[PDB]
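Enquirer: Before we start, here is the structure in question, set down as structure tokens.
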Amino acid sequence: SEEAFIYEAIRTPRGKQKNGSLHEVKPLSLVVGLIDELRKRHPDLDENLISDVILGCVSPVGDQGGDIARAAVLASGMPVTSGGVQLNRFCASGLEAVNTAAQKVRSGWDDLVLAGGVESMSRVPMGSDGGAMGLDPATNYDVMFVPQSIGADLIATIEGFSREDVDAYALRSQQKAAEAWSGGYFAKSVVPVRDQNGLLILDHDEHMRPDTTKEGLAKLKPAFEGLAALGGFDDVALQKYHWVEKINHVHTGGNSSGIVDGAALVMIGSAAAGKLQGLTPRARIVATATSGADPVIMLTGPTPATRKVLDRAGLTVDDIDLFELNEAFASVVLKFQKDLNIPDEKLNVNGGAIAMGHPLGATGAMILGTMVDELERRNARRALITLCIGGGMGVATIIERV
Amino acid sequence: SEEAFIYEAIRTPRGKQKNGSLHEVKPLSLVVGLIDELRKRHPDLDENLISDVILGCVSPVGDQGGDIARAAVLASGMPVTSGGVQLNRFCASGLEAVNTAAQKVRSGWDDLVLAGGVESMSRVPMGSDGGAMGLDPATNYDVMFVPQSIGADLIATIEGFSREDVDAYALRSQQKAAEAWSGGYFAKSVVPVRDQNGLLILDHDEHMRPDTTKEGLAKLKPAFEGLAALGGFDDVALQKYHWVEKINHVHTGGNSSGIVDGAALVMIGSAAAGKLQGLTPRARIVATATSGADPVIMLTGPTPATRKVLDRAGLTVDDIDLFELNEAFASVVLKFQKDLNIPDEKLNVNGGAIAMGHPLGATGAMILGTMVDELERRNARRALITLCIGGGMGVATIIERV
Amino acid sequence: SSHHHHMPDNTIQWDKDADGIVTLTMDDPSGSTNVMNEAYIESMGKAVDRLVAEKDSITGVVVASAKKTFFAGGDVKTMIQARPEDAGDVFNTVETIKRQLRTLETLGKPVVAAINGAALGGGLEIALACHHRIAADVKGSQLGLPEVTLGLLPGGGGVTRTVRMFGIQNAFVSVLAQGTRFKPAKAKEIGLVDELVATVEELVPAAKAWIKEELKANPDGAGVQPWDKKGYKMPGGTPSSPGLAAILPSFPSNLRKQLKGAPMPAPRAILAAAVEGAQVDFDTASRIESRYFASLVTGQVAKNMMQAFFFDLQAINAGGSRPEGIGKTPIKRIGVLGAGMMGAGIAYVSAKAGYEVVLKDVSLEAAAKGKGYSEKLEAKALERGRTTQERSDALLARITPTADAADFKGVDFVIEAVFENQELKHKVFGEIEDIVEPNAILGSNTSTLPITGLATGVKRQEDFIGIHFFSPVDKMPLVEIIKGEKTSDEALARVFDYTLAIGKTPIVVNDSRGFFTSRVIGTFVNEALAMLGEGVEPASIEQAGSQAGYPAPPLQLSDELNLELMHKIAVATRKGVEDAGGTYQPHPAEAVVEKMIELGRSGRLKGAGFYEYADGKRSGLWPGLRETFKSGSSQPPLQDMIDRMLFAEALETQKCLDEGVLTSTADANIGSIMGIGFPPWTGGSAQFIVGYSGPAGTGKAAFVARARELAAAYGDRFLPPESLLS
Ligand SMILES: Nc1ccc(S(=O)(=O)O)cc1C(=O)O
Ligand SMILES: Nc1ccc(S(=O)(=O)O)cc1C(=O)O
Ligand SMILES: Nc1ccc(S(=O)(=O)O)cc1C(=O)O
Ligand SMILES: Nc1ccc(S(=O)(=O)O)cc1C(=O)O
Ligand SMILES: Nc1ccc(S(=O)(=O)O)cc1C(=O)O
Ligand SMILES: Nc1ccc(S(=O)(=O)O)cc1C(=O)O
Ligand SMILES: Nc1ccc(S(=O)(=O)O)cc1C(=O)O
Ligand SMILES: Nc1ccc(S(=O)(=O)O)cc1C(=O)O
Ligand SMILES: Nc1ccc(S(=O)(=O)O)cc1C(=O)O
């Protein structure tokens with residue numbers, strides 16, 4: 001039973017969508033820069049023992065097409081035997097890559113694997129890749145496709161989360177993110193991005209608004225830009241959730257995840273491969289799980305995926321020190337907290353995607369590394385990382401500090 | 001840890017690129033049709049025990065974007081907890097999906113997984129997804145990119161395979177595919193495609209030319225379509241392989257893999273999963289391996305991948321009863337046969353992609369299931385399946401009949 | 001592949017003129033209209049074969065018709081009989097039809113459609129295969145693709161060609177999704193027709209003139225459709241165009257929003273065929289369209305709608321329920337009693353048909369307001385372009401408001417529409433009966449009170465008759481004609497003819513409490529109120545009504561029917577059998593009706609019902625509803641809520657047929673669809689039985705089984721009657 005260990009976990013700063021610092025940077029450059037950072041931390045490391053590079057990417061087209069993981073292996077001069085595979089499980093892609101790397105180590109047919117994700121949403125916007133669940137009428141009509149934000153509004157309606165409730169969570173996410181940055185929690189894992197001359201492009205999470213007030217959040221208009229304003233989706237959602245009369249549209253750009261650019265890498269390997277390369281393990285992958293829920297509400301798959309990974313590890317909520325759930329929408333996190341009775345001070349303790357951003361394919365790997373650091377900074381033992389997914393899926397991972 | 005077993009392995013017929021029978025069929029429909037066939041073969045199977053659907057897809061755009069594996073779960077009405085993830089490792093994506101499914105079972109954190117791939121190249125041509133390389137001249141220039149067909153001509157030049165040698169292999173592939181079809185070898189695994197009315201669309205591999213003659217193959221002109229016929233790629237290849245003076249362009253449409261549409265599904269699970277659902281195991285995944293070689297020659301990575309998977313299973317070439325290597329190009333197979341001294345009667349014994357086609361994302365699972373059927377038919381024990389990959393990668397898998 | 005598909009009397013006349021222009025004149029000897037039937041396919045097969053064989057001596061083609069219309073409709077008799085095993089034959093048939101049109105379309109020479117009259121469905125599909133369309137701007141002519149109204153789709157290339165001409169969105173919304181018919185001016189405006197001529201006699205000359213000038217000015221483009229040119233750009237882009245890909249996922253959701261989630265396979269199949277066809281070449285797109293067409297034809301919904309909207313409706317319009325042998329009687333002057341919502345609407349539809357109308361009420365102020373209903377409607381119609389000023393002034397001038405019974409002098413057709421009260425109706429008729437002509441129809445618009453009782457208040461009872469309209473009268477398409485026991489066959493046929501003249505559809509019903517429409521829609525409303533009392537969420541009840549296919553959810557309709565009036569109908573139906581020595585089992589809804597009244601929430605007219613009302617507009621369900629009825633305490637499946645309402649009406653309709661209230665299933669189907677809003681996809685509350693499909697299966701047996709499953713769970717009112725059993 002080969003146990004899998006996290007030896008490094010790093011990420012770029014998240015650059016904002018409009019007039020963002022990373023808009024001029026190709027998403028491949030974001031991955032290569034993180035590869036170069038792992039090299040500086042381990043120039044001794046025999047890269048021949050790295051058997052695969054697994055990158056999550058939700059929109060693998062254009063700048064992100066052609067197996068961007070392989071392009072990273074080749075452009076960074078890694079050995080040609082280091083593989084390179086792209087995977088897309090929507091929002092979970094970054095964590096699915098980590099979990100798949102862990103399962104490949106447990107199976108014993110890989111020894112040392114790089115895993116993470118990349119998403120340059122300012123260059124490759126969400127939905128750039130097409131798809132049948134949206135652009136095939138027969139399939140769209142049957143599965144009752146609804147954009148994710150309306151599922152979030154529907155969750156707030158069913159659970160009774162008011163506009164002030166979701167805005168209260170948005171404010172705390174901005175505050176906890178600013179405190180983590182000012183406290184220096186992120187100084188070692190956020191690798192600043194530089195150009196081909198070494199000049200600085202970005203060294204911090206641009207999307208944050210650390211001066212957010214509850215008065216400013218109340219001024220924002222509910223979501224009106226993008227797919228959710230084209231019409232019909234409220235009626236489609238209420239045709240399935242036929243017992244609620246009207247959707248309370250509580251979510252804005254201020255209490256929803258930011259559209260950003262970024263990348264993240266995680267080094268995963270067996271205990272033998274670790275000591276063979278002089279690497280100090282940072283944490284252990286205890287268990288992983290994948291579960292789902294209705295694709296119309298779409299954002300309630302985290303709860304069964306969290307229970308499943310807890311049953312698998314023989315643990316319960318009281319055994320977990322830190323809970324990290326991606327802040328796609330404030331109601332999704334409040335629903336998750338209510339469902340599992342998560343203590344407030346254990347949940348997304350360093351802020352989340354509302355403040356810092358949600359670069360689809362990379363987010364799962366980013367918030368996993370965020371928990372690797374925070375467990376170590378607190379001398380705490382266990383953390384549970386989970387994300388909701390489009391189409392009604394969910395993924396969850398439990399890590400244990402070493 | 002946990003042994004992984006193949007319980008079912010089916011595939012669609014491969015429709016040809018030009019005026020093909022499957023051109024009017026959406027790639028999602030190809031996958032759903034196979035899902036429906038697995039239901040017909042196991043009507044009482046508790047689909048809630050299926051934890052993931054892993055599909056290989058090399059051009060995940062348009063009809064193949066938006067995580068087509070998840071779309072297949074939702075379109076076919078599978079349980080919404082059944083996941084769905086798309087992956088791309090170029091030509092080995094189909095076998096990589098099976099391998100990843102096997103490793104997820106071996107990890108113990110999955111029990112029953114559908115794996116395979118889909119590629120509708122008549123609707124979504126190769127390169128449709130762009131690529132982090134071709135759109136990046138700085139990357140393209142540094143990695144010395146060369147299309148796969150020129151590496152195949154270069155392999156033939158270096159190894160001494162003449163135009164008659166590769167055309168001779170193309171002939172044996174057309175002959176053995178016809179013999180397999182006539183002998184009814186494919187009767188129960190090739191699932192005919194039907195429309196929404198049940199009308200037949202295609203029931204055979206219509207790319208086959210069973211009346212192929214050496215005289216006819218000798219009349220074909222060398223590869224003149226796609227990227228390769230553009231400028232500069234020979235000079236780029238010979239700049240790296242500087243001891244080679246001239247590339248012998250021996251590969252044509254008649255000795256290269258066919259551009260086709262198709263899909264494939266494989267049911268993989270633990271012994272307990274099969275016992276619980278009353279599934280009979282057909283074969284066992286003995287070992288998998290990933291490796292590679294230079295990306296400019298590109299197509300010699302199967303040799304260390306095969307050596308590594310034999311090394312991983314404590315086996316030698318003598319122990320393997322059947323060798324299945326994807327017929328991307330004739331010189332690639334001849335090089336693999338020359339390198340490992342593969343007995344000619346053990347190699348691609350039922351024909352290959354030159355006769356039947358190479359639907360990128362699906363081919364790996366197609367030729368894998370082809371060997372499950374033939375090990376059973378011959379009552380043989382072991383088979384090794386492998387595919388070359390773009391960018392210089394390779395994937396191999398050893399299965400053992402149960 | 002062939003232009004033929006394996007007797008049929010040839011349907012197309014051939015003429016090659018001196019210049020080589022071949023005129024194909026379509027003239028089916030078996031009917032008044034050219035129809036896309038087996039004879040047409042064989043004839044156009046010969047004609048297209050010959051156009052190819054004589055290509056060296058042919059310079060152009062003109063498609064014309066010797067009928068009053070151009071070409072209208074298809075082979076419904078064959079399509080309604082197509083079983084699932086016949087899907088190959090249906091597919092091959094439209095595949096053959098389109099090979100003929102595709103050959104015609106790509107001969108290398110121009111083809112012009114001389115459209116002398118209506119070109120509907122397959123008729124327009126023929127013209128869309130031509131390169132130029134000239135239409136005579138005559139009265140009555142219409143152009144469009146109304147296949148969706150029969151549960152089908154334009155499977156003869158209409159989907160593929162209109163999408164190539166207009167793009168996915170415009171073709172679907174404007175032409176395909178609703179099968180809208182257009183008069184020649186609108187047809188040219190939107191691009192279905194290229195140019196117009198004033199008379200049919202100019203058509204073939206204009207066609208040959210266009211062929212000649214097209215050959216001279218565009219010799220390389222003559223006979224080449226836009227989508228057959230290399231630089232063809234589909235309007236609005238292809239599904240791969242980033243601009244169209246951004247909004248394309250909203251098209252199925254807007255479709256679900258408009259259809260409210262009801263079963264509508266044909267619009268879904270049209271949208272899929274439209275988008276799927278825009279992703280591939282024209283020939284592949286055309287075959288995809290054939291497969292979706294065969295998918296609809298072999299499905300039950302298309303057979304429900306072909307039965308109702310083709311066979312039942314034509315049997316009704318041909319006089320199925322009109323008494324045999326009766327002749328025609330003119331209507332010179334209509335007298336309408338009462339100028340409320342009903343009387344004002346009756347006065348409008350009557351004057352719009354050309355009848356002189358005297359609109360009487362108790363005061364000239366009231367009657368003038370009644371005519372104001374017609375003038376608000378004409379004002380809206382004028383500014384929107386649906387009518388001219390000359391025709392609008394003539395309409396309104398036919399309505400004479402009055403308050404004097406003397407102004408009914410010369411009225412030969414009385415339509416009374418005052419308050420529902422036996423004695424008021426007796427007196428109102430008594431003081432006009434001697435003023436109107438001695439042959440005047442004495443019609444009463446009542447929804448409850450039996451006609452035989454109202455008729456006793458007139459001397460000439462053989463001319464008294466029920467003429468039941470539905471509000472808003474200008475938009476509701478049915479007239480329920482109730483035959484009293486003394487009503488003559490002549491009075492019945494005179495009202496029957498009036499109904500067709502005002503452009504509505506008649507059913508003939510024998511006198512009985514609730515007649516057909518009121519009695520049946522009462523079961524639909526009562527079933528919902530029962531569900532509310534059982535503790536089902538009001539929002540779920542309303543969703544069940546819309547997803548069942550009803551035009552209005554049932555609680556919303558209950559507020560508009562007024563709960564006080566619903567109580568009266570119940571109080572008057574109890575006496576109607578206890579004062580006649582019988583048993584009356586209260587409906588569960590009456591408890592819900594009576595408690596809403598107890599709370600002062602009697603409906604919309606009072607300003608408070610199941611909904612809150614503000615500014616003449618509905619504004620959400622009353623929040624005190626959930627506490628009052630313990631909403632949420634009962635959560636049955638939505639399909640059980642849907643079936644409970646659909647089955648209640650389907651069973652009550654069968655009762656009406658068993659008691660002789662109705663005399664045909666055609667009246668039951670069209671009467672339910674047009675009268676009270678029974679979902680069109682069902683084909684009617686009677687067709688709903690023969691075509692029911694669910695878990696068990698399809699047919700009358702499956703309906704009985706599901707009705708028995710409903711009776712076990714929700715009450716014995718769902719038990720099927722003896723007539724539906726073996
Ligand atoms: N193995 C490690 C790699 C990186 C870091 S960090 O740079 O402090 O984040 C810490 C450790 C550790 O052992 O705690
Ligand atoms: N700086 C801290 C160190 C340790 C812990 S705890 O003991 O794991 O709770 C918490 C904190 C905190 O900042 O809240
Ligand atoms: N979508 C489903 C398909 C199959 C099955 S099962 O195989 O009958 O368990 C269950 C479900 C479910 O939604 O629970
Ligand atoms: N478990 C099986 C499923 C399918 C088939 S096949 O249809 O003959 O390919 C055979 C077996 C077997 O036991 O050999
Ligand atoms: N029909 C055969 C059965 C068995 C075997 S063997 O046992 O793998 O040698 C080979 C063949 C063959 O066709 O060559
Ligand atoms: N009522 C009809 C609606 C549509 C069509 S069709 O679309 O031309 O087939 C025909 C008719 C007809 O009765 O002839
Ligand atoms: N404005 C009303 C209209 C109708 C009715 S009721 O239907 O007779 O209850 C009552 C009122 C009222 O205000 O009392
Ligand atoms: N037919 C039913 C009526 C009532 C309820 S209950 O209100 O949830 O008890 C449930 C059902 C059901 O089928 O689940
Ligand atoms: N009661 C009926 C009267 C007339 C017809 S009809 O001649 O088929 O229209 C059918 C029925 C029936 O009950 O099915």
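Numbering starts fresh at 1 for the residues of each chain in the structure tokens, the chains themselves are lettered A, B, ... in the order given, and ligands are numbered from 1 as they appear.
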Can I get the residues of chain C within 9 Å of chain A, each with the closest pair of atoms and their distance in Å to one decimal, using only C-alpha atoms, sorted chain first then ascending number, as JSON lines?
Expert:
```
{"residue": "C:239", "atom": "CA", "partner": "A:135", "partner_atom": "CA", "distance": 7.5}
{"residue": "C:240", "atom": "CA", "partner": "A:130", "partner_atom": "CA", "distance": 8.1}
{"residue": "C:242", "atom": "CA", "partner": "A:128", "partner_atom": "CA", "distance": 8.1}
{"residue": "C:245", "atom": "CA", "partner": "A:135", "partner_atom": "CA", "distance": 7.1}
{"residue": "C:246", "atom": "CA", "partner": "A:227", "partner_atom": "CA", "distance": 7.4}
{"residue": "C:247", "atom": "CA", "partner": "A:230", "partner_atom": "CA", "distance": 6.9}
{"residue": "C:248", "atom": "CA", "partner": "A:135", "partner_atom": "CA", "distance": 6.0}
{"residue": "C:249", "atom": "CA", "partner": "A:134", "partner_atom": "CA", "distance": 4.6}
{"residue": "C:250", "atom": "CA", "partner": "A:230", "partner_atom": "CA", "distance": 6.0}
{"residue": "C:251", "atom": "CA", "partner": "A:137", "partner_atom": "CA", "distance": 7.6}
{"residue": "C:252", "atom": "CA", "partner": "A:141", "partner_atom": "CA", "distance": 5.3}
{"residue": "C:253", "atom": "CA", "partner": "A:232", "partner_atom": "CA", "distance": 4.8}
{"residue": "C:254", "atom": "CA", "partner": "A:232", "partner_atom": "CA", "distance": 4.4}
{"residue": "C:255", "atom": "CA", "partner": "A:232", "partner_atom": "CA", "distance": 7.6}
{"residue": "C:256", "atom": "CA", "partner": "A:236", "partner_atom": "CA", "distance": 6.4}
{"residue": "C:257", "atom": "CA", "partner": "A:232", "partner_atom": "CA", "distance": 5.2}
{"residue": "C:258", "atom": "CA", "partner": "A:232", "partner_atom": "CA", "distance": 8.2}
{"residue": "C:260", "atom": "CA", "partner": "A:235", "partner_atom": "CA", "distance": 7.6}
{"residue": "C:261", "atom": "CA", "partner": "A:239", "partner_atom": "CA", "distance": 6.6}
{"residue": "C:268", "atom": "CA", "partner": "A:138", "partner_atom": "CA", "distance": 6.7}
{"residue": "C:269", "atom": "CA", "partner": "A:138", "partner_atom": "CA", "distance": 7.2}
{"residue": "C:271", "atom": "CA", "partner": "A:137", "partner_atom": "CA", "distance": 6.4}
{"residue": "C:272", "atom": "CA", "partner": "A:137", "partner_atom": "CA", "distance": 5.0}
{"residue": "C:273", "atom": "CA", "partner": "A:137", "partner_atom": "CA", "distance": 8.7}
{"residue": "C:275", "atom": "CA", "partner": "A:137", "partner_atom": "CA", "distance": 7.3}
{"residue": "C:276", "atom": "CA", "partner": "A:136", "partner_atom": "CA", "distance": 7.5}
{"residue": "C:536", "atom": "CA", "partner": "A:243", "partner_atom": "CA", "distance": 8.8}
{"residue": "C:537", "atom": "CA", "partner": "A:243", "partner_atom": "CA", "distance": 5.9}
{"residue": "C:538", "atom": "CA", "partner": "A:243", "partner_atom": "CA", "distance": 7.5}
{"residue": "C:539", "atom": "CA", "partner": "A:243", "partner_atom": "CA", "distance": 5.1}
{"residue": "C:540", "atom": "CA", "partner": "A:243", "partner_atom": "CA", "distance": 4.6}
{"residue": "C:541", "atom": "CA", "partner": "A:243", "partner_atom": "CA", "distance": 8.3}
{"residue": "C:542", "atom": "CA", "partner": "A:242", "partner_atom": "CA", "distance": 8.5}
{"residue": "C:543", "atom": "CA", "partner": "A:242", "partner_atom": "CA", "distance": 5.9}
{"residue": "C:544", "atom": "CA", "partner": "A:242", "partner_atom": "CA", "distance": 8.1}
{"residue": "C:547", "atom": "CA", "partner": "A:239", "partner_atom": "CA", "distance": 7.8}
{"residue": "C:620", "atom": "CA", "partner": "A:245", "partner_atom": "CA", "distance": 7.9}
{"residue": "C:621", "atom": "CA", "partner": "A:245", "partner_atom": "CA", "distance": 8.1}
{"residue": "C:632", "atom": "CA", "partner": "A:243", "partner_atom": "CA", "distance": 8.5}
{"residue": "C:638", "atom": "CA", "partner": "A:242", "partner_atom": "CA", "distance": 8.1}
```
Enquirer: Any chance you can output those residues with N, CA, C and O atoms as a short mmCIF file (atom, residue, chain, number, x, y, z; two decimals), in the first residue's frame?
Expert:
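Generated output (again.cif):
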```cif
data_model
loop_
_atom_site.label_atom_id
_atom_site.label_comp_id
_atom_site.auth_asym_id
_atom_site.auth_seq_id
_atom_site.Cartn_x
_atom_site.Cartn_y
_atom_site.Cartn_z
N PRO C 239 -22.77 27.31 -35.82
CA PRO C 239 -22.60 27.03 -34.38
C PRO C 239 -21.17 27.18 -33.90
O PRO C 239 -20.96 27.36 -32.69
N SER C 240 -20.18 27.10 -34.79
CA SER C 240 -18.79 27.33 -34.40
C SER C 240 -18.42 28.81 -34.37
O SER C 240 -17.35 29.15 -33.85
N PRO C 242 -18.03 32.27 -32.88
CA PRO C 242 -18.04 32.65 -31.46
C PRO C 242 -19.21 33.53 -31.07
O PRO C 242 -19.69 33.44 -29.93
N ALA C 245 -22.13 31.00 -30.85
CA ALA C 245 -21.89 30.05 -29.78
C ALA C 245 -22.15 30.64 -28.41
O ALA C 245 -22.45 29.90 -27.47
N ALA C 246 -22.06 31.97 -28.27
CA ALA C 246 -22.28 32.60 -26.97
C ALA C 246 -23.74 32.53 -26.55
O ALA C 246 -24.04 32.35 -25.36
N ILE C 247 -24.66 32.67 -27.50
CA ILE C 247 -26.09 32.67 -27.18
C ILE C 247 -26.77 31.33 -27.46
O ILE C 247 -27.89 31.11 -26.98
N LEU C 248 -26.13 30.44 -28.22
CA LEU C 248 -26.76 29.18 -28.59
C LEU C 248 -27.25 28.34 -27.42
O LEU C 248 -28.30 27.69 -27.56
N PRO C 249 -26.56 28.27 -26.26
CA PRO C 249 -27.10 27.47 -25.15
C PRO C 249 -28.42 27.99 -24.60
O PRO C 249 -29.13 27.23 -23.93
N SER C 250 -28.76 29.25 -24.85
CA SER C 250 -30.01 29.81 -24.36
C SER C 250 -31.21 29.45 -25.23
O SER C 250 -32.35 29.63 -24.79
N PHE C 251 -30.98 28.97 -26.46
CA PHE C 251 -32.10 28.62 -27.33
C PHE C 251 -32.96 27.50 -26.76
O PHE C 251 -34.20 27.64 -26.78
N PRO C 252 -32.41 26.40 -26.24
CA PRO C 252 -33.30 25.38 -25.65
C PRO C 252 -33.97 25.84 -24.37
O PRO C 252 -35.09 25.39 -24.07
N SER C 253 -33.34 26.73 -23.60
CA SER C 253 -33.97 27.21 -22.37
C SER C 253 -35.12 28.16 -22.67
O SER C 253 -36.17 28.09 -22.02
N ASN C 254 -34.94 29.06 -23.65
CA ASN C 254 -36.05 29.90 -24.08
C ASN C 254 -37.19 29.05 -24.63
O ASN C 254 -38.37 29.42 -24.49
N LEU C 255 -36.87 27.93 -25.27
CA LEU C 255 -37.91 27.03 -25.77
C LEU C 255 -38.68 26.39 -24.62
O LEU C 255 -39.91 26.32 -24.65
N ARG C 256 -37.97 25.91 -23.59
CA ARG C 256 -38.64 25.38 -22.41
C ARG C 256 -39.46 26.45 -21.70
O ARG C 256 -40.52 26.17 -21.15
N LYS C 257 -38.96 27.69 -21.70
CA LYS C 257 -39.69 28.78 -21.07
C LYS C 257 -41.00 29.07 -21.79
O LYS C 257 -42.05 29.25 -21.15
N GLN C 258 -40.98 29.09 -23.13
CA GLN C 258 -42.19 29.37 -23.88
C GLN C 258 -43.19 28.22 -23.78
O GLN C 258 -44.40 28.45 -23.66
N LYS C 260 -43.24 26.02 -21.33
CA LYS C 260 -43.51 25.80 -19.91
C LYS C 260 -43.21 24.37 -19.45
O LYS C 260 -43.74 23.92 -18.43
N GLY C 261 -42.36 23.65 -20.19
CA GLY C 261 -42.01 22.30 -19.80
C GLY C 261 -42.98 21.23 -20.24
O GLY C 261 -42.80 20.07 -19.87
N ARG C 268 -38.71 20.75 -30.11
CA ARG C 268 -37.38 20.27 -29.73
C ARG C 268 -36.66 19.65 -30.92
O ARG C 268 -35.46 19.88 -31.12
N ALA C 269 -37.38 18.87 -31.73
CA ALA C 269 -36.75 18.21 -32.87
C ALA C 269 -36.42 19.20 -33.98
O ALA C 269 -35.42 19.01 -34.69
N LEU C 271 -35.56 22.41 -33.50
CA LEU C 271 -34.39 23.15 -33.05
C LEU C 271 -33.12 22.31 -33.19
O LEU C 271 -32.08 22.81 -33.63
N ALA C 272 -33.20 21.03 -32.81
CA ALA C 272 -32.05 20.15 -32.95
C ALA C 272 -31.66 19.98 -34.41
O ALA C 272 -30.49 20.12 -34.77
N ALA C 273 -32.64 19.69 -35.27
CA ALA C 273 -32.35 19.54 -36.70
C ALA C 273 -31.79 20.83 -37.29
O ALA C 273 -30.92 20.79 -38.16
N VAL C 275 -29.94 23.22 -35.70
CA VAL C 275 -28.56 23.44 -35.28
C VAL C 275 -27.65 22.34 -35.81
O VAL C 275 -26.57 22.61 -36.34
N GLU C 276 -28.08 21.08 -35.68
CA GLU C 276 -27.27 19.97 -36.18
C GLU C 276 -27.02 20.10 -37.67
O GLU C 276 -25.95 19.73 -38.16
N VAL C 536 -50.34 20.16 -0.65
CA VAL C 536 -49.33 20.23 -1.71
C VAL C 536 -48.96 21.69 -1.92
O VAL C 536 -49.82 22.58 -1.83
N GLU C 537 -47.68 21.93 -2.19
CA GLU C 537 -47.20 23.29 -2.39
C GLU C 537 -47.97 23.97 -3.52
O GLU C 537 -48.11 23.38 -4.60
N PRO C 538 -48.48 25.18 -3.32
CA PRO C 538 -49.17 25.88 -4.42
C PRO C 538 -48.29 26.05 -5.65
O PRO C 538 -48.79 25.94 -6.78
N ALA C 539 -47.00 26.31 -5.46
CA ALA C 539 -46.10 26.47 -6.60
C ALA C 539 -45.98 25.18 -7.40
O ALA C 539 -45.89 25.20 -8.63
N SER C 540 -45.99 24.03 -6.71
CA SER C 540 -45.96 22.76 -7.41
C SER C 540 -47.24 22.53 -8.20
O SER C 540 -47.20 22.01 -9.32
N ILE C 541 -48.38 22.92 -7.63
CA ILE C 541 -49.66 22.77 -8.33
C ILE C 541 -49.66 23.59 -9.61
O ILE C 541 -50.04 23.11 -10.68
N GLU C 542 -49.23 24.85 -9.51
CA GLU C 542 -49.18 25.70 -10.69
C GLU C 542 -48.19 25.17 -11.72
O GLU C 542 -48.45 25.23 -12.93
N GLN C 543 -47.04 24.66 -11.26
CA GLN C 543 -46.08 24.07 -12.19
C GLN C 543 -46.65 22.83 -12.86
O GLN C 543 -46.40 22.58 -14.04
N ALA C 544 -47.44 22.04 -12.12
CA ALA C 544 -48.05 20.85 -12.71
C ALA C 544 -49.03 21.23 -13.81
O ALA C 544 -49.14 20.52 -14.81
N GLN C 547 -46.76 22.44 -16.91
CA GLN C 547 -46.03 21.32 -17.50
C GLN C 547 -46.97 20.25 -18.05
O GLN C 547 -46.56 19.47 -18.92
N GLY C 620 -47.75 37.16 -7.29
CA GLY C 620 -47.27 36.08 -6.46
C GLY C 620 -48.36 35.46 -5.59
O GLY C 620 -49.38 36.07 -5.28
N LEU C 621 -48.11 34.21 -5.19
CA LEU C 621 -49.05 33.48 -4.35
C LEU C 621 -49.17 34.14 -2.98
O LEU C 621 -48.20 34.66 -2.44
N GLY C 632 -46.66 21.76 1.83
CA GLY C 632 -45.46 21.00 2.05
C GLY C 632 -45.67 19.69 2.78
O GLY C 632 -44.82 18.80 2.68
N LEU C 638 -44.54 14.99 -9.25
CA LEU C 638 -45.12 15.98 -10.15
C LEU C 638 -45.96 15.31 -11.23
O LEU C 638 -47.00 15.84 -11.65
#
```
Enquirer: For residue A:124, work out the shell of residues within 9 Å, counting only C-alpha atoms and skipping chain neighbours fewer than 5 positions away, then give it as a PyMOL selection string.
Expert: chain A and resi 59-64+119+129
Enquirer: Compile the residues of chain A that lie within 8 Å of chain B, evaluated using only C-alpha atoms, and express the compilation as a PyMOL selection string.
Expert: chain A and resi 1+28+51-52+58-68+70-71+74-75+80-90+100+103-104+106-107+109+127+129-133+135-136+139+142-143+287-295+312+391-393
